[PDB]
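Enquirer: Sequence plus experimental coordinates follow:
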Amino acid sequence: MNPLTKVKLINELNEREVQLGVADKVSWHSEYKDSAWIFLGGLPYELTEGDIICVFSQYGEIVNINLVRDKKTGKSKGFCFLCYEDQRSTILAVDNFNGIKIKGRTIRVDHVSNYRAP
Amino acid sequence: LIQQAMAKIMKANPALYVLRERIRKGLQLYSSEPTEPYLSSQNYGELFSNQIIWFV
Amino acid sequence: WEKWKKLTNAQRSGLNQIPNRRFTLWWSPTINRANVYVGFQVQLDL
Amino acid sequence: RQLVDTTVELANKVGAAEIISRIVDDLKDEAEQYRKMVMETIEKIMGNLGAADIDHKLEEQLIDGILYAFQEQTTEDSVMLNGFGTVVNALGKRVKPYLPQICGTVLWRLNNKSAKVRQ
Amino acid sequence: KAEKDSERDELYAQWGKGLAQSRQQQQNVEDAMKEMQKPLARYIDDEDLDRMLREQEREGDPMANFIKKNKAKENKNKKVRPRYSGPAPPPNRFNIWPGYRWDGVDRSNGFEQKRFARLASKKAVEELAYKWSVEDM
Amino acid sequence: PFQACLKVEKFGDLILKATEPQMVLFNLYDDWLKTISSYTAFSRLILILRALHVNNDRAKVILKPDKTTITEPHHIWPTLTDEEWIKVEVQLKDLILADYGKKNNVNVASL
Amino acid sequence: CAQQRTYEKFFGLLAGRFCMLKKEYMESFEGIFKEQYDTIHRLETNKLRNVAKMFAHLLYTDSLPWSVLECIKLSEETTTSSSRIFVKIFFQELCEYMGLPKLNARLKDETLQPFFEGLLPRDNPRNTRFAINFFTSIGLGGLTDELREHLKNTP
């Protein structure tokens, strides 16, 4: 199961709950109302913080940024953890940015349940 | 005895039920609310009926 | 209030009597009030 | 479906009462698809195992959740119908003290304004 | 030791309860206290509401120029962190203003907009369905 | 809990500041009877009184929902539209069940 | 009158018939303008507009005395923005009914100077300036200029 299917499935989750007519309170996001952390994955290896922030700031102020790069060479592994300032912005970002193409690579977004600092 | 027996016959009786439902079917009236509100053999869905009643 | 076939001459004509009959029932305590007088009653069959 | 299956298996090992007592309070949840997940398991479980271990407080919460879930169906689906059917025909003769609530609710929903609920 | 990591992880714990909703809760509790120390019924003479309605700046009026002047004069003198400034951001269901380093481009997937469309459409279909029910009646 | 009315400043102040034994007459269903039955209006009143008895403070808070909620001089209670009356009815029942949970050590999602 | 969706002269003419039958309605309507203006800030702009039109109609039918304009002490401070929109709608309306000429004659006849005082305020130059500029922005440039002629020659 390659990450593009993990994109397709989150999008399926959204549009399926749309077909079912779920109220905004029992959305599948409601299980995450205590965490303002999203995970971005699939990122290209040349994007830096400056880019991740200039892209993802569309939906709020970004409080924390954590781009996980391989310790030996320092180069990005290709995924990030991002702490918005209001949980609701994470709602917005997961719905809106999951599946956008940045430089051909189609990045993917999803919340984080019990983030552990590094 | 007769007070209580008659107050209960008016709520329960099957033939009175058949009547009320022939009336409803003839008017084609339908309720909108489910659950039949907190009416039960509690007294109040009776109490505000035409007989005046005071709470003190 | 209460949100093909091959049919005869009379069924594609003539009024529909059901809604007339239902209007009369609903207002029947007024339409059939006792004390407006001709002094003759009629008792229905059974 | 995969979650439904392994929950029924865990039921087979640890007995019904445990699983049931874990998920009865969800028959009163807001997401219908979720209520229907828990109804599908509860129904499959009690169909297999039978309700010998359902205690009093559990059969109480169970009949209550059953009724509520029945009274909220936005959809068209036989899930809650078979849930009711099997749960009731498994409780067997322990369901006497509830037939007045059941009968009263069914007569009252028979008089409602929309043909989905009357049907 | 425990003290240093306590500092670190308590900070991270608020940041995961991210600040904005926390300060909103703060103003909520103080609003509830202010209120609870007041009568049950609010009239139209209550000084708070009278004053608020005075300062309520509605359209058209040429006082607006002088008053926007007053407040844009004063609130210039603030230690605020920067706010976004540029071509209007798209609309989002919570009305959240972009961060101050958003580069303007709108990168969305087209979800907020189709949501808005879905809601307007349900309104239209409700009018149609009412009309048809009663038309038959 | 009809005595909970003694918290509503109108009745309370009237009684406190009376100099004479005297009979007064109020209407507790301000206008509701234009568009609900006496049945629904009694139910709504019972909720309001119960919640004003049980906590009285978060009850004031719920019954003044918006900053521009107001009450008119001959009225006991705020002027809300039937939508907001439905909402605040729900919130008062939640208040009452919460305080029953607190002071009887029950999970209320179980009843 | 005020709660309706849009104006029609019915309510104005009806009150007019009552005040034209006896005085008490004339009294109560001068009081009415007083208090309505003072507490207008509470009206959403449609009802505010309808009140403004109502008073314009009464004034040009001369059921109210033109004195009642005493109330608009048209400083900048002494007036909320809502009061300002009320004066805007009111004066637009009066001008569109009696025309700028008859409106000008009315506002320029002498005996109504005391009541038109704060409306044409020359004592304090600051509100004199602001008044003039407001009146211009809405488009009563004629009364505007006459007063500026006065003020420019005053210093």
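Expert: Looks like it arrived, so ask away. Residues are numbered from 1 along each chain as shown, chains lettered A, B, ... in the order given.
Enquirer: so what's the closest residue to residue D:79 other than its chain neighbours up against?
Expert: The spatial neighbour of residue D:79 that comes closest, neighbours along the chain excluded (Cβ to Cβ, 6 or more residues apart in numbering or on different chains), is residue D:36 at 4.8 Å. C-betas here are computed from N, CA, C, even on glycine. Neighbouring residues of residue D:36 by Cβ atoms under 8 Å, 6 or more residues apart in numbering or on different chains: D:69, D:77, D:79, D:80.
Enquirer: Select, from the residues you listed, the two members most distant in space.
Expert: D:69 and D:77 (11.2 Å; Cβ to Cβ).
Enquirer: neighbour count winner among these two?
Expert: A count of neighbours by other Cβ atoms under 10 Å in any protein chain shown puts residue D:69 above the other of residue D:69 and residue D:77, at 23 against 12.
Enquirer: Looking at chain F, what residue ends up closest to chain E?
Expert: Distances between chain F and chain E by Cβ to the nearest Cβ are smallest at residue F:71, namely 4.1 Å.
Enquirer: Checking that residue next. Helix, strand or coil?
Expert: Residue F:71 carries the three-state label coil when classified by DSSP: H, G, I helix; E, B strand; the rest coil.
Enquirer: Mind putting the contacts of residue D:36 into a markdown table with secondary structure?
Expert: Formatted as a markdown table, these follow (three-state DSSP):
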| residue | secondary structure |
| --- | --- |
| D:69 | helix |
| D:77 | coil |
| D:79 | helix |
| D:80 | helix |
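Enquirer: what's the closest of those to chain G?
Expert: Among the contacts of residue D:36, residue D:69 lies closest to chain G (Cβ to the nearest Cβ), at 45.0 Å.
Enquirer: Test my guess that that closest one contacts residue D:75.
Expert: No. Residue D:69 is not in contact with residue D:75 according to Cβ atoms under 8 Å; the separation is 11.7 Å.
Enquirer: residue closest to the middle of chain E?
Expert: Centroid-nearest residue in chain E, with Cα atoms, centre = their mean: residue E:95, separated by 5.8 Å.
Enquirer: Measure how buried the residue nearest to residue E:54 when sequence neighbours are not counted is and give me the count.
Expert: In space, and not counting its chain neighbours, residue E:54 is closest to residue G:80: 4.9 Å by Cβ to Cβ, 6+ apart. Neighbourhood size, residue G:80 [other Cβ under 10 Å]: 20.
Enquirer: Could I get the contacting residues of residue G:80?
Expert: Applying Cβ under 8 Å, 6+ apart, the residues near residue G:80 are E:54, E:63, G:41.
Enquirer: thinking again about what came up before, for burial, what's the neighbour tally of the residue of chain F closest to chain E?
Expert: Neighbour count for residue F:71, taken as other Cβ under 10 Å: 20.
Enquirer: picking up where we left off before, does the residue nearest to the centre of chain E sit in a helix, a strand or a coil?
Expert: Going by three-state DSSP: residue E:95 is coil.
Enquirer: contacting residues for the residue of chain E at minimum distance from chain C?
Expert: Distances between chain E and chain C by Cβ to the nearest Cβ are smallest at residue E:133, namely 4.8 Å. Applying Cβ under 8 Å, 6+ apart, we find residue E:133 in contact with residue C:3.
Enquirer: ok, which residues in chain E are in contact with chain F?
Expert: Within chain E, the positions near chain F by Cβ under 8 Å from any Cβ of the partner chain are E:32, E:35, E:36, E:38, E:39, E:40, E:41, E:42, E:43, E:44, E:49, E:52.
Enquirer: and the two most separated of the residues you listed?
Expert: E:32 and E:44 (22.4 Å).
Enquirer: Residue numbers of chain C in contact with chain E?
Expert: C:1, C:2, C:3.
Enquirer: Please apply the same query to chain A.
Expert: Counting by Cβ under 8 Å from any Cβ, chain A sits next to chain E at A:14, A:18, A:34-37, A:53-55, A:57-64, A:83-89, A:91-92, A:95-100, A:115, A:117.
Enquirer: which of those are close to chain G?
Expert: Within the residues of chain A next to chain E, nothing lies near chain G by Cβ under 8 Å from any Cβ.
Enquirer: Give me the buried subset of those residues.
Expert: A:14, A:35-37, A:53-55, A:57-64, A:83-89, A:91-92, A:95-100, A:115 (16 or more other Cβ atoms under 10 Å in any protein chain shown).
Enquirer: can you tell me which of those are in strands?
Expert: A:37, A:62, A:63, A:64, A:83, A:84 (DSSP state E).
Enquirer: got a list of what the residue of chain B found nearest chain D touches?
Expert: Closest to chain D within chain B is residue B:30: 3.9 Å, counting by Cβ to the nearest Cβ. Going by Cβ under 8 Å, 6+ apart, residue B:30 touches C:1, C:2, C:3, D:111, D:112, D:113.
Enquirer: Could you count how many residues lie near the nearest residue to the second one once chain neighbours are set aside?
Expert: In this structure, residue C:2 finds its nearest non-sequential neighbour in residue B:28, 4.0 Å apart by Cβ to Cβ, 6+ apart. When counting by other Cβ under 10 Å, one arrives at 15 neighbours for residue B:28.
Enquirer: who touches residue B:28 in this structure?
Expert: C:1, C:2, C:22.
Enquirer: Need the three-state assignment for the first one.
Expert: In other words, residue C:1. Applying three-state DSSP: residue C:1 is coil.
Enquirer: So it sits against residue B:31, correct?
Expert: No. Contact criterion Cβ under 8 Å: residue C:1 and residue B:31 do not qualify, at 11.5 Å.
Enquirer: show me where chain A has helices.
Expert: A:3-20, A:49-56, A:87-97 (DSSP state H).
Enquirer: and what of chain E?
Expert: Counting by DSSP H, the helices of chain E are E:2-16, E:19-36, E:47-55, E:63-74, E:112-136.
Enquirer: Out of those, the one nearest residue G:22 is which?
Expert: Per Cβ to Cβ, nearest to residue G:22 of the helices of chain E: helix E:47-55, 34.5 Å.
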